[PDB]
Amino acid sequence: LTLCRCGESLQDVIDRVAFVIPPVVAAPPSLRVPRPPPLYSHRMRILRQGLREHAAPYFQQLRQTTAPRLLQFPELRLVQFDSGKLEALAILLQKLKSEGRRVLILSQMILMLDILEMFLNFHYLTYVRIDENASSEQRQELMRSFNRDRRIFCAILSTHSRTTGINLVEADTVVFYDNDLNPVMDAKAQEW
Amino acid sequence: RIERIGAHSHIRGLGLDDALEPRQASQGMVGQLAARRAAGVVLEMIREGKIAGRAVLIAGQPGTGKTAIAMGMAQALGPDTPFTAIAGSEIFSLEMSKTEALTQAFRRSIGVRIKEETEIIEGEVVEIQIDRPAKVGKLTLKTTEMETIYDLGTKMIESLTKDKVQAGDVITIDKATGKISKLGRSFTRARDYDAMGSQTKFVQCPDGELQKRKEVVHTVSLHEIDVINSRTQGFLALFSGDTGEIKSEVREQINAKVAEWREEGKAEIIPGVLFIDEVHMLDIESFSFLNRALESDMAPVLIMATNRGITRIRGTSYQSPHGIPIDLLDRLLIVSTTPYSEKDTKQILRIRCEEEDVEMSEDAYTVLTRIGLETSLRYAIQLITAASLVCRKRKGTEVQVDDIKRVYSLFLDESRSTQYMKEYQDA
Amino acid sequence: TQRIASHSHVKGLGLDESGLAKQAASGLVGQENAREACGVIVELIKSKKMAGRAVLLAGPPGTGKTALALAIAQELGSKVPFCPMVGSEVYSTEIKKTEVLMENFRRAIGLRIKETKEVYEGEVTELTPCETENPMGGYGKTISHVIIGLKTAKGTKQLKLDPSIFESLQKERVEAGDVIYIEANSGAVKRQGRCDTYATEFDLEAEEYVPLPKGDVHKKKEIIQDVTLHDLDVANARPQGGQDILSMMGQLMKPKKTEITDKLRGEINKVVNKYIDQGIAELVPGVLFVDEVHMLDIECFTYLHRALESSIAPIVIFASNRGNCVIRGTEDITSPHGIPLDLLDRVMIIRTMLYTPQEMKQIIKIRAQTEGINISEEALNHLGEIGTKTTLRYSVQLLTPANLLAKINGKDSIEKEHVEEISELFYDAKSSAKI
Amino acid sequence: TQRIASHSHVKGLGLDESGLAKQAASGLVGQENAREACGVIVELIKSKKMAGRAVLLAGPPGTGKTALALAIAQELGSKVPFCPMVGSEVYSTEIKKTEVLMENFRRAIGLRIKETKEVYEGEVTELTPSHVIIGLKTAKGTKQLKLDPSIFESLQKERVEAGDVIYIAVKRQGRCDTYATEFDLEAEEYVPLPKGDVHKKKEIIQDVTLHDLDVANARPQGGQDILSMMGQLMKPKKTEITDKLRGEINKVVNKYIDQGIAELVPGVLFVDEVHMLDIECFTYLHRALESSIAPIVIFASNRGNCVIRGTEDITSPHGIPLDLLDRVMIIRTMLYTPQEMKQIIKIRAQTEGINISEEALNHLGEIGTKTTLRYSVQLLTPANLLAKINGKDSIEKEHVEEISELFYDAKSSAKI
Amino acid sequence: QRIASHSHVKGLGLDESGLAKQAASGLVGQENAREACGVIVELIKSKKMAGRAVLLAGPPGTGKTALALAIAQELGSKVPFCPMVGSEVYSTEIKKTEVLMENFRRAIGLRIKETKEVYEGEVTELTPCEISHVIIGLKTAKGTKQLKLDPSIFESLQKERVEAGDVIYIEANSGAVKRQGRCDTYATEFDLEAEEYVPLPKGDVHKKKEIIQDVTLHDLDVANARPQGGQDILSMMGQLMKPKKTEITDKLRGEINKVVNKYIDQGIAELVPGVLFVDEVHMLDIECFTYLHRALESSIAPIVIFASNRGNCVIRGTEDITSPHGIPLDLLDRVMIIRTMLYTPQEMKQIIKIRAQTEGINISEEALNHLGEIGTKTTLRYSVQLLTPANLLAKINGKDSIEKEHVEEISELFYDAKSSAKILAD
Ligand SMILES: Nc1ncnc2c1ncn2[C@@H]1O[C@H](COP(=O)(O)OP(=O)(O)O)[C@@H](O)[C@H]1O
Ligand SMILES: Nc1ncnc2c1ncn2[C@@H]1O[C@H](COP(=O)(O)OP(=O)(O)O)[C@@H](O)[C@H]1O
Ligand SMILES: Nc1ncnc2c1ncn2[C@@H]1O[C@H](COP(=O)(O)OP(=O)(O)O)[C@@H](O)[C@H]1O
Ligand SMILES: Nc1ncnc2c1ncn2[C@@H]1O[C@H](COP(=O)(O)OP(=O)(O)O)[C@@H](O)[C@H]1O
């Protein structure tokens, strides 16, 4: 029969085991290895025969080998929870998608662009990022791919490039995530 | 639905008022206003959970309702809060030390409600056209207010092939992992196949096409340590008691990550209760451990019951009240249960009869209350059952005096057993 | 092989329709009040309304406590389970005492689980009636239905099954002429094997040819399986299916009987209730006869008088033979019947008086009858007299040896001389005490 | 909020610049000589020069020896490990008792090691194979790594579009590449392309204890040979041998130290309830304390002259034999006075979040000096709940009176 | 040689007529116990009786263990002799009765007579034909030939990584192993391969010799207590409990006895019952004595020698029953008791001189007298222990032999049980 393995009402056991895995081994080393400068042929042959015998039943595969855990990466939730700006952005994007309007996210730091990328991936919102690294023609190609493609929801810009290549707008919704208050940057930014 | 009424089934909560004022008879309890008010206030403290490591000792003569008030508190606490009931002799395991069993029992009555944001797409599969090469596929989900077609990927197509999903099936696909979860069907299957007959489930939510922030609160106890001690944990979480895991890197690390989750809003701690019935059976080492284990922040509320006065502590020679060392006994506060009077006994017997669905005359109630005040209460309930059975056999409607008096001679009490025991059967 | 046991004459409490007691009570004689109490408690059990109730069969040795216990057990019938246990069995070196007690309690509880499955079988004649391509799309070649010509011993019946099953058909070697095991709802095909009609004597192969099915193609097989709750506990305890469990060294130690309360209670109880209220199973609480209860440690009684408090605990029939004795595991703590005074308050004591010499004679005679050996009046009187002198169980043991002595001496019936000779060849402990 | 504990009110010894024990500070109150001795002990610990020393905080019940040791731990800091232990913890059914105490001594010691880990991250562009020439692509550039066969992945780990992060000794399939536009609905979830360079070395200053390395080298779980997986397949256990305990471990730790790779961090081991240990534990502690590698141990005994467990024949002071009781310094804590009792009650009420009136505080102090201080401490919360139910924000004398009437102390229950 | 406590005991010291000499073969005095030992040793050599028991009872330091070692030496290594101690029975993974039965089985030995022959051959000549028939070449330092083998041997050979120019041993009945190199691997100048090479073997290509392997029934039991390896059942890892909990007697030990009797009737095996010397018998529990007095009654039990140092006392596990020699009257009876008497001062001095001669220490006349006096004062063992440091100090001081000064100084330096107890009253 099927059991819950815990106090929760109903949930997939796989999800149960995957949710709660805080601890990783403190300091697991490799196995010990005797080092006799001479290695007698008898013992080495016996060990090779044993290894061959143990490798023969490979049809099991040990079900992924159940290898230990040694990384414990941080949860993706923390990307949003770490900043209220990202929670407000999540609420705004959910509202706009319920309304069907695309969104144009504007940020100043490329690291903030990567943060926004991870955030949208946490929210599964398809996006197209246009930054300074991409050449003018590459920026125009990215903007063309964003345009006429209703499957792309968000567009992320750096606000530091010229951005004179953009031609058409999709939903007429912009979100100024960051404010610079710089002499020339903000002016031309808001202008275009 | 088929679960027989036990010895503590008559009680179904701790009768209390808005101001915590105890009542004469309510929720299956009778009399004992002091201990019942103590139970109510300790239950309020439990449901508060602001303080950790509090202990209460329920003392009194046998038959005073210690286990009764314990089960009443357990019931009044209700679900969503763990209540680990255990006997003093259960900590003695041949695969785990006493201290380890006590740690397991303590961490077992502590819960963490883990919040998880989910994004599930649901609807009616109008078209599941899949092009198998032996790669391409499209799913047409339909709702009561909108429709949408989704181009399926190779892995998604394979997953759909795993869990057979025919047209008209109500499914809830998780956009995070793509797990196929079928809930039912919206209509029959062509009315022509001479097989596969079932019932039709209601239509899906109108906005079921894409649920954005479906919040599911996964509740799990701090016994999750079993998930880490070994690569294969189900064996330990289900049957295997040989869980002598390493205390370091497991207890401390799990507690640290639980604190991190509480600080980051992922989960919230809900301390439960640990009820050790007949705690006097614990060895002095177990009491010494409870002395220190009761000081941790994750310590649940430790409710204990003792049916003795001055008695020797197991594992030593010297005696202490309630069989508990002076240290732990002084740490906790004791709730004494006063014996029940004749009226309370009669009312408890009547409540039990109502629970057993048995009826008896007034003279029967009187004589049975007399017998119970003389011998005991539990013996009075045994006589209730025996007389009800004798009446059923006699084809009567209610139990009269002639049935209780008959079963009184048919079944003997320990007081009369020891009297007839003068035949020196053995020693 | 009849293999007559020690005391098999007991067949039931033998109570009259009114519930009173009689002499010829289906093998067991005497013990009127005790047999009436046994009838009351067996009526209770049959009612299946109360749980966690215990009864104590206190009485001096030789009163036939185990006899009346087996009598009430037989009266209950093989329908409800009856798990006999002795206090010594609780002492286990691999599993704690309280968990053994809980496992025994679970065993005492029964559960009948029904299972009805509509399955179709018979020799297959596969054929796909060509149908126009999907009318919603373009043209081409499709299959809207797949007809399978299941032929059974009674006749033939073609089934126009769903076309999606065609994958299963091709998966297994389902060729025209073999027996397939179809499932109504699931639809999965499980080929049983070719028909024996094609099993030519010159073809060397086994497990591949099976006889034709007898009966209609559509068969609604109704099967009932009675398994105690402990069986389900054990089944859900250990794993099955891959996971490198085939190892010998690190896995052959199957005795992991250690069990936790979370799995025992909780999920198992909930699924049992779901099967009950849904109509898939019927709960059948049995009885747990625990003889030599005085042999249990105080750590066992302290858990018993807590498990009996549970609503799921079954009926327990304790049978203590000792008198006032120190509780095991305690420091000179004398209590009646070797049981703590706290547990005796939760058990109904059924007192059993000593058998009257006439009852001794009746028991000896009925045991001789069960054994199948005739005994003369004088021999029976001497047996009764010696059973009155010493323990009664000594006399019943003098029947078979006296019977063999008589048969070897050339006579059939057991004469007084035979029992007299056996009493000198074999004697009891009371006489052996003369060291 | 964080739920209150029994000793969450103590924040430290609260001593002056010269060690003078103030009447009340840092949550503690009274016990000036004891807190000065504890200041000297924490100075010893910070010295990191002596090894194997120990102290016994023997005193009457309720004096706060446990709270005192916890305040000591807090004052020392989180860096230096502080391992709490109960006397009953030594009794185990799978590991030898003296060996339990040994592993406790070991875990009590800390070790801060520095290591540089090379991490390989990026979307897998090529996965052609023993040695596998994998191709990782990132925002910076692409590199064809000549990775070893031991890292060859068994699970899906798609040859293309799979985001993988590897470090030298296991691989983690972070997520699928950002191809969310290729399909409208796919089971796989996506993450953005890693912006960091493929090959990067980051120095992590990880803090671990010596017992971690001990138990890890005892039953390692690394490597890839099938024999390893079969060994660690089931039934982990304990009882590391002494040859592996000492010897290789100490040598490698000293190597890391003298080479600047690691830094030793001596810790503390608080063996509470030492009064109920067997004579074998004491006989092993004799040689444990007499070791140049044993850490500082703080004992907290409560019994007086009683029979030592395991012998049930001979009695010794504090339930500890004289030969051992002399090896450990004695800290004599005195009982609190009614004034100090009321002061600590007020401190706990302030920490516990309970407002108590003057008359209520006086009644609590009276009940404390009469029955027990900890009894009144326990009665604190019930009185607050009673006040809440009655609608009173602050506790009054009547509330504590009713509470005491409901709950009977141990002494009163014994009188009955 | 690392002289031990019982090295000078190289025999029992009986003459041709059977009487015990006053001092010979390292033993001194104790004529009655030596005669009993020389009688029981002949009893053992008879190989006809079974389960007969002996008890070397006597005060401490009387040489009961010395007499046991003398019996063992006189018997010779051709028969098993299991030195056993009572404390050894208290095993944690095997029950005491089972450990005792395993020791009893070890005390029985059998010699397996077999004539094995080899078919060493060259691998370079490997030329199979049909996988159904294979031929291998023979090239040794004394001859060259060729053999014809069953394809099963070819399979077992190719299983090994054979290479041209290797020396392979092929047994006529079963088995095969590889020896790499025959003065050709180092010739090509290719580096090592984690293994050592060997030149071509001398002698004829086909060799035959008589084999006699001394194996005991316990070895057979241990070998049959496992799957023997081979297929996937060969799974073997660390912590394997080779000394398994127990092994049934009727279906496992009985089969071993049956096969041994069969091979003995066939003349292939020869039984040689040994001796089981259980020292410190008083340490065994009463539940051990009760099974011991019954197991030694079986038709297969070997001769068991006992030695109880302490006299009458409470039996182990009883705490109330007291019997002489710490052995219950049940087991005490049926066991031939050999009383050992105390040594006289002259016998003590003679034993001291023999110990000095054996260990190489040289003592003077007055030194020997003083050492014997110190011995008879407290015990002979104290003098035996002081003998070594006396010569050690003598060497340190530049003296070759021991003198009165050195012995007196070393006696004053150290202390004995009597002296220690005398000063322990402080
Ligand atoms: N207040 C009460 N109301 C109803 N039944 C009670 C009460 N107190 C005791 N009993 C009955 O007395 C018997 C034993 O008392 P219990 O409730 O276990 O208290 P204790 O633990 O002191 O024995 C039980 O069968 C229980 O039903
Ligand atoms: N009333 C009876 N009628 C016939 N035989 C009886 C009766 N009572 C006891 N016996 C006999 O007594 C023997 C054992 O009785 P048992 O149930 O073991 O009592 P106890 O366990 O107290 O010794 C049985 O073999 C049975 O034949
Ligand atoms: N010096 C102190 N200052 C403040 N509170 C104290 C002090 N000493 C003890 N306490 C209090 O007394 C209670 C019990 O002290 P504890 O450490 O358990 O004493 P012991 O160590 O003797 O058991 C603690 O909850 C703590 O609040
Ligand atoms: N007959 C003897 N001749 C010479 N040396 C002896 C003789 N008997 C005993 N010894 C010596 O005395 C010592 C006594 O040792 P041991 O036999 O163990 O004494 P016990 O009689 O207590 O077993 C032995 O080391 C042995 O060398």
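Novice: Describe the overall build of chain D, listing the residues and the values that go with them.
Specialist: A count of helices and strands for chain D gives 13 helices and 16 strands. A globule of 416 residues ought to have a C-alpha radius of gyration of about 22 Å, yet chain D, at 29 Å, is considerably larger. Its C-alpha atoms give chain D principal-axis dimensions of about 80 × 60 × 45 Å. Relative to its 416 residues, chain D shows a buried fraction of 51%.

Novice: Requested: an account of a positive patch on the surface, with residues and values cited.
Specialist: A surface patch of positive charge is lined by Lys256 of chain C, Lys235 and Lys237 of chain D together with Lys245 of chain E. Mapped onto the elements of the fold, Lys245 of chain E is located in the loop between α5 (217-224) and α6 (249-265). We classify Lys245 of chain E as partly exposed; its relative accessible area is 45%.

Novice: Can you break down a nonpolar patch on the surface residue by residue, with the values?
Specialist: Residues and elements named next belong to chain A. A cluster of nonpolar residues, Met109, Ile110 and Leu111, forms a patch on the protein surface that exposes about 280 Å² of accessible area. Residue placement: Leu111 occurs in helix α5 (residues 110-123). On the accessibility criterion, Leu111 (62% relative accessible area) is exposed.

Novice: A description of the sheet that holds strand β2 (residues 82-86) of chain C should follow, citing residues and the corresponding values.
Specialist: All names here are of chain C. Within the open sheet, the five strands sit side by side as β2-β12-β13-β1-β16. Their pairing is parallel. Each edge of the open sheet carries a strand with a single partner, namely β2 and β16 (347-349). Across the sheet, the axes of successive neighbouring strands diverge by a mean angle of 20°, strand direction being ignored. Here five bridges tie strand β12 (residues 287-291) to strand β13 (residues 315-319), and the two strands are oriented parallel to one another. Bridged to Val287 within β13 is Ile315.

Novice: Go over the domain arrangement of chain D, please, and point to the residues and values.
Specialist: How big an interface is tends to be stated in terms of the accessible area lost upon association of its parts. Residues and elements named next belong to chain D. When cut into domains, chain D gives domain 1 (1-107 + 217-335), domain 2 (108-216) and domain 3 (336-416). Summarising the inter-unit geometry, the C-alpha centres of domain 1 and domain 2 are found 40 Å apart. The partner domain 2 presents 16 residues to the 28 residues of domain 1 that form the contact. For the pair domain 1 and domain 2, the summed buried surface comes to about 1900 Å²; carbon and sulfur atoms form 54% of the total. Connecting domain 1 to domain 2 are two salt bridges.

Novice: Residues and numbers for the packing of helix α9 (residues 345-359) of chain E against helix α10 (residues 365-377) of chain E, please.
Specialist: Residues and elements named next belong to chain E. Two elements in contact, α9 and α10, have axes separated by 9 Å at closest approach and are oriented at 120°. Relative to α10, the element α9 lies oblique. The hand of the α9/α10 crossing is right-handed. Packed against α9, whose contacting residues are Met348, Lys349, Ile352 and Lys353, the element α10 presents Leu368, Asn369, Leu371, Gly372 and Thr376 at the interface. Here the contact of α9 with α10 is composed, by residue class, of four nonpolar, three polar and two charged.

Novice: Outline the interface of chain C and chain B, supporting the account with residue identities and numerical values.
Specialist: Contact residues are listed per partner, giving 87 residues for chain C and 72 residues for chain B. Summed over both sides, the interface between chain C and chain B buries roughly 6900 Å², with carbon and sulfur atoms accounting for 54% of that surface. The tally of links between chain C and chain B comes to eight salt bridges. The residue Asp345 of chain C makes a salt bridge to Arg378 of chain B at a minimum N-O spacing of 3.2 Å. Our count for the contact surface shared by chain C and chain B stands at 30 residue pairs in polar contact. Among the elements that take part in the side of chain C that touches chain B, helix α1 (residues 32-47) of chain C stands out by supplying eight residues, more than any other. In the side of chain C that touches chain B, the residues fall into 36 nonpolar, 24 polar and 27 charged.

Novice: Please set out the pairing of strand β8 (residues 190-195) of chain C residue by residue, giving values where relevant.
Specialist: Residues and elements named next belong to chain C. Bridge count for strand β7 (residues 178-183) against β8 is four bridges, and the pairing is antiparallel. Note on β8: the bridge partner recorded for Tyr181 is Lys190. Counting the residues between successive antiparallel strands, the hairpin from β7 to β8 contains six residues, one of them, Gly187, with a positive phi of roughly 85°.

Novice: Would you mind going over the site of ligand 4 in detail, with residue names and values included?
Specialist: Residues and elements named next belong to chain E. In the region of ligand 4, 18 residues are neighbours, and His8, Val28, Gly63, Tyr343 and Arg381 sit closest. Between an oxygen atom of ligand 4 and a side-chain N or O atom of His8, the distance comes to 2.4 Å. For ligand 4, an oxygen atom lies 2.9 Å from a polar atom in the backbone of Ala66. Here ligand 4, which alone exposes 560 Å², has 91% of that area covered by the protein. Put simply, the parts of the chain that give the shell around ligand 4 at least two residues each are β2 (27-28) and α2 (64-75). With three residues, α2 is the largest single contributor of residues to the shell around ligand 4. Classifying every residue of the shell around ligand 4 by side-chain character gives six nonpolar, 10 polar and two charged. Viewed by domain, the shell around ligand 4 spans two of them, domain 1 (1-106 + 224-342) and domain 3 (343-426), each represented by three or more residues.

Novice: Lay out the side chain of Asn273 of chain C with the relevant residues and their values.
Specialist: Tracing the backbone through its elements, the reader meets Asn273 of chain C in helix α6 (residues 261-278). A residue is classified by how much of its surface remains accessible, and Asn273 of chain C, at 16% relative accessible area, is buried. If near-sequence neighbours (up to four positions away) are discounted, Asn273 of chain C is found in contact with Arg1, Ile2 and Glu3 of chain B.

Novice: Please provide a residue-by-residue account of the packing of aromatic side chains, values included.
Specialist: Applying the stated criterion to the full structure yields seven aromatic pairs over all chains. For the pair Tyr186 of chain E and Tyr197 of chain E, a centre-to-centre distance of 4.5 Å together with 55° between the ring planes defines the contact as tilted. Separated by 11 residues along the polypeptide, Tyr186 of chain E in the loop between β10 (176-179) and β11 (207-216) and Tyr197 of chain E in the loop between β10 and β11 bring together distant segments of the chain. Overall, the relative accessible area of 13% leaves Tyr197 of chain E in the buried class. Within the aromatic cluster, the residues linked to one another by ring pairs are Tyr186, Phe190 and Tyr197 of chain E. Above the face of the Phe153 of chain A ring, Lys97 of chain A is positioned so that its terminal group lies 5.5 Å from the ring centre.

Novice: Go over a negative patch on the surface, please, and point to the residues and values.
Specialist: Residue and element names in this part refer to chain D. On the surface, a cluster of negative charge is made up of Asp393, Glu396, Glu398, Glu401, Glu402 and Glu405. Tracing the sequence through the fold places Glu401 in helix α12 (residues 397-406). According to the relative accessible area criterion, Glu401 is partly exposed, its value standing at 44%.

Novice: Lay out the interface of chain A and chain C in plain terms, naming residues and giving numbers.
Specialist: Counting residues at the interface gives eight residues for chain A and 10 residues for chain C. Roughly 890 Å² of surface becomes buried between chain A and chain C when both sides are summed, with 63% attributable to carbon and sulfur atoms. Considering only the surface of chain A that becomes buried against chain C, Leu1, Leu3 and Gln60 of chain A emerge as the three largest contributors, covering 60% of it. At the junction of chain A and chain C, the tally comes to zero salt bridges. In this assembly, chain A and chain C are joined by one residue pair in polar contact. Class assignment for the residues of the side of chain A that touches chain C results in five nonpolar, two polar and one charged.

Each value, and the rule that gives it
Residues numbered from 1 in each chain as written, not as in the entry; some residues may be left out. Chains lettered and ligands numbered in written order. Part of a larger assembly, values for the part shown. Heavy atoms only, no water. Helix = DSSP H or I, 4+ residues; strand = E, 2+ residues; numbered from the N terminus. Rg over C-alpha atoms; globule rule 2.2 N^0.38 Å. Buried < 20%, exposed > 50% of the residue type's maximum accessible area, 1.4 Å probe, protein only. Patch = residues over 30% accessible without salt bridge, like charges linked within 9 Å, V, L, I, M, F, W, Y side chains within 5 Å. Areas by Shrake-Rupley, 256 points an atom, 1.4 Å probe, with all protein chains shown as cover. Salt bridge = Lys/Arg side-chain N within 4 Å of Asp/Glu carboxyl O. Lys, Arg positive; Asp, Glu negative; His and termini not counted. Charge placed at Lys NZ, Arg CZ, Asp CG, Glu CD. Pairing = 2+ DSSP bridges. Axes fitted to C-alpha atoms, helices over the stretch in contact; angles between N-to-C directions. Domains from an automatic or database assignment. Contact = heavy atoms within 4.5 Å. Buried area = accessible area lost by both parts, 1.4 Å probe. Parallel < 35°, antiparallel > 145°, perpendicular 65-115°, else oblique. Left-handed = near helix turned anticlockwise from the far one by under 90°. Nonpolar A, V, L, I, M, F, W, Y, C, P; charged D, E, K, R; others polar. Polar contact = N/O pair within 3.5 Å; in protein donor to acceptor, adjacent residues only side chain to side chain. Near = heavy atom within 4 Å. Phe/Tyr/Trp six-rings, centres within 6.5 Å; stacked < 30°, edge-to-face > 60°. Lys NZ or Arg CZ within 6 Å of the ring centre and 35° of its normal.

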